[PDB]
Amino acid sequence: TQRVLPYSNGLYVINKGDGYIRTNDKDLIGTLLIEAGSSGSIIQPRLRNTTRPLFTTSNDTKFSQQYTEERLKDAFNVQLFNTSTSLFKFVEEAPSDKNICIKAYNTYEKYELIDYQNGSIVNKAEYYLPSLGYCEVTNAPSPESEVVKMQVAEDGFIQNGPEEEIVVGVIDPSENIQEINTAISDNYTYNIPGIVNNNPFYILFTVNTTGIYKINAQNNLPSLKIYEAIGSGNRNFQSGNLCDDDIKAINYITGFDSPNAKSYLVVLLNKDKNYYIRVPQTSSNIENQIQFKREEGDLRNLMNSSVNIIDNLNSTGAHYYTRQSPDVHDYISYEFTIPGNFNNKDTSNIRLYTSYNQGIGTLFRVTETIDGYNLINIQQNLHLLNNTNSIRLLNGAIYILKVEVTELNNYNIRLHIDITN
């Protein structure tokens, strides 16, 4: 009954909430018995600034305490781990009727750092950052009830703060960040530099005018991924240039981890924002370029998604294509050519379906003119999961299927293209 985590490969820092305390009163500050009419206070006055974070990791040699702290700083800008100047204090006035007890606890805000790779967690660490306390008030204990003995709880934490799950991607620090210093207009070609050979790397860029862009490597290999720098563009600014604010907190937009899959990105980019492209490890010594192109015509209909180029569709029968599934409400697209000679008459029956995830598809006929690519919407509201409906398409013609995921049942999405005639 595990949630499918449709996260792109990478590092994530997750704020799992505030108000955590350990079991068996390890974080109890103490209890005040306050008599009726009176008041009492428990105070953390920071006469000393020292705090005590707690840390556990699955991998001391990558996710050390230092590294994790650097990640929490990348994600949320946390800078004080060992210290605090933030005071907290709890005050309780007992009612006129009855006596009152207040128990105060130290608390932690829990951060989880994960390395997520191909559908599972491969490195994990938990950093509990000292927080600003928990105060429970209760009626005065009566005599004596009686004392009933109790075994200690297992070691662990109990959350007393509100539910919270804030997921923030972070730049992998082992990878270089290259910059495109000029803001991108209608067209740009980025040559891949030998200073970052073979290793995956990031490209930081920004755009002159808000618009939809197509982005790809030569011959659409390798596949690329694109992220937005969270909170970028709110600050310094220079017309037609990139302003780098060293933001390492990233929101995944679209793109595949499998580098041998041909694809291109179609994405809406804001001029008041910075973006990172990640180019993966390529096992080839040939020169490559990243191409950027502003789209003014029908290709805009494909935002935001990666478009997989399907190449091996040259016989009749069954064909399937497996990719990481987008999350709910996100898109994946497929561009394919119906086998056979294009003679504008010869036709084939085509069945399009998924195996496990539900998705809404729209099918486009593609024709390239001298004015660019044209997309004719020929089929709307296709429900893909175990679809039995079929449609006759032209031999040798080119189609794009755009899929919106609506039910995420499997980490992968498997598109079937079954062709008969």
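All residue numbers are counted from 1 along the displayed sequence.
A.B. asks: Between 197 to 205 and 279 to 287, which has the larger average Cα B-factor in the PDB entry?
C.D. replies: Taking the mean B-factor of the alpha carbons in each, 279 to 287 is higher.
A.B. asks: Tell me which of 308 to 316 and 69 to 77 has the higher mean C-alpha B-factor in the deposited entry.
C.D. replies: Stretch with the higher mean C-alpha B-factor: 308 to 316.
A.B. asks: Using only the C-alpha B-factors in the record, can you name which of 345, 262, 323, 110 has the highest?
C.D. replies: Of the options given, 345 has the highest CA B-factor in the PDB entry.
A.B. asks: Can you tell me which of 123, 120, 139, 254 has the highest Cα temperature factor in the record?
C.D. replies: Max CA B-factor in the entry, restricted to 123, 120, 139, 254: 139.
A.B. asks: Ranked by Cα temperature factor within the chain, is residue 169 in the lowest third, the middle third or the highest third?
C.D. replies: CA B-factor rank for residue 169: lowest third.
A.B. asks: Should residue 373 be placed in the lowest, middle or highest third of its chain by the C-alpha B factor in the entry?
C.D. replies: Residue 373: CA B-factor falls in the highest third of its chain.
A.B. asks: Rank-wise, by C-alpha B-factor, drop residue 192 into the lowest, middle or highest third of its chain.
C.D. replies: Tercile = highest for this residue's CA B-factor.
A.B. asks: Please place residue 298 in the lowest, middle or highest third of its chain according to the CA B-factor in the PDB entry.
C.D. replies: CA B-factor rank for residue 298: middle third.
A.B. asks: Is the Cα B-factor recorded for residue 233 in the lowest, middle or highest third of its chain?
C.D. replies: Its C-alpha B-factor belongs to the middle third of this chain's values.
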